[PDB]
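Okay, so here's the structure we're looking at.
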Amino acid sequence: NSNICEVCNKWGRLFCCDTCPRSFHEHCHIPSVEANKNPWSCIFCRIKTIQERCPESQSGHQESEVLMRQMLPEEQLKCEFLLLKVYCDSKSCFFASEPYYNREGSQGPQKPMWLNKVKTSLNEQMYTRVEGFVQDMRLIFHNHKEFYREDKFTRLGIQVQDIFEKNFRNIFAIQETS
Ligand SMILES: [Zn+2]
Ligand SMILES: [Zn+2]
Ligand SMILES: [Zn+2]
């Protein structure tokens, strides 16, 4: 197994996947690494299994249909994995914890949002449809773009949104388009 966490790329107290060489800090893995379970399979492995059990699940889909899906166990897992893929980028640090807004010439957003809040919301089963999770994730980057205006720091929201959107299209097998 790897000797660094797959998500934050640091050593420490790591839990090893039994079906692949990845390793994780307890709270870097989403959901948090489960207490017992021998063997244990990580979220990358659990997602691969869904795909292998239903190869047709990788045929193209319309985003509008994906968003209306109820958060049954497989869609819950897919959103957890998508959230994890955002945290895997080091630029997620900017969006992880609760932001505050005091900049000359800007007003803070009406509805602040951040990754750890989405994480808690998923853990607490607060989303009933995929749309709920996706809306809150897109809101993180939209709020950032609006607040930072013409400051070059706006680019960080574009960059992490692009990681989100690429992984969304991959995980939910969104029909490829030009
Ligand atoms: Zn970690
Ligand atoms: Zn694994
Ligand atoms: Zn099938």
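Each number in the numbering used here corresponds to the 1-based position in the sequence shown with 13 added.
Ideal Cβ positions, reconstructed from N, Cα and C, are used throughout, including at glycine.
Apart from the 5 residues on each side of it in sequence, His157 sits with its Cβ closer than 6 angstroms to the Cβ of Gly170 in its chain, given in chain order. Distances taken from the Cβ of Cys101 to the heavy atoms of ligand 2 include none shorter than 7 angstroms. Within the same chain, Cβ atoms closer than 7 angstroms to the Cβ of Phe94 are found at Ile56, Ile60, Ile184, the five residues on either side in sequence being excluded.
Here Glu19 is buried. Its C-beta has 16 or more other C-beta atoms within 10 Å. Shown here for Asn180: same chain residues with a beta carbon closer than 6 angstroms to its own, the five before and five after excluded, namely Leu95, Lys98 in chain order. Contact between the region 72-79 and the region 127-135 is absent: fewer than 3 CB-CB pairs across the two stretches fall below 8 angstroms. Under the DSSP assignment, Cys29 falls in the beta strand (DSSP E) whose first and last residues are 27-29.
Its chain contains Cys30, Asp31, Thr32 as the residues whose beta carbon lies nearer than 7 angstroms to that of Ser54, once the 5 sequence neighbours on both sides are disregarded; these appear in chain order. Cα atoms of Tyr140 and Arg35: separation of roughly 28 angstroms, rounded to the nearest angstrom.
For the options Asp102, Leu152, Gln174, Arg116, the alpha carbon positioned closest to that of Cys41 is the one of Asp102. Taken in chain order, the unbroken stretches of alpha helix (DSSP H) that lie wholly in the region 167-191 and span 4 residues or more are 167-184. Nearest to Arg151 by C-alpha distance, out of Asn136, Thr190, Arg162, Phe108, is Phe108. Following the DSSP letters along the chain, one finds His155 inside the alpha helix (DSSP H) bounded by residues 143-161.
DSSP, reduced to helix, strand and coil, places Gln64 within a helical segment of the structure shown. Boundaries of the beta strand (DSSP E) harbouring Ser36: 36-38, taken from the DSSP string.
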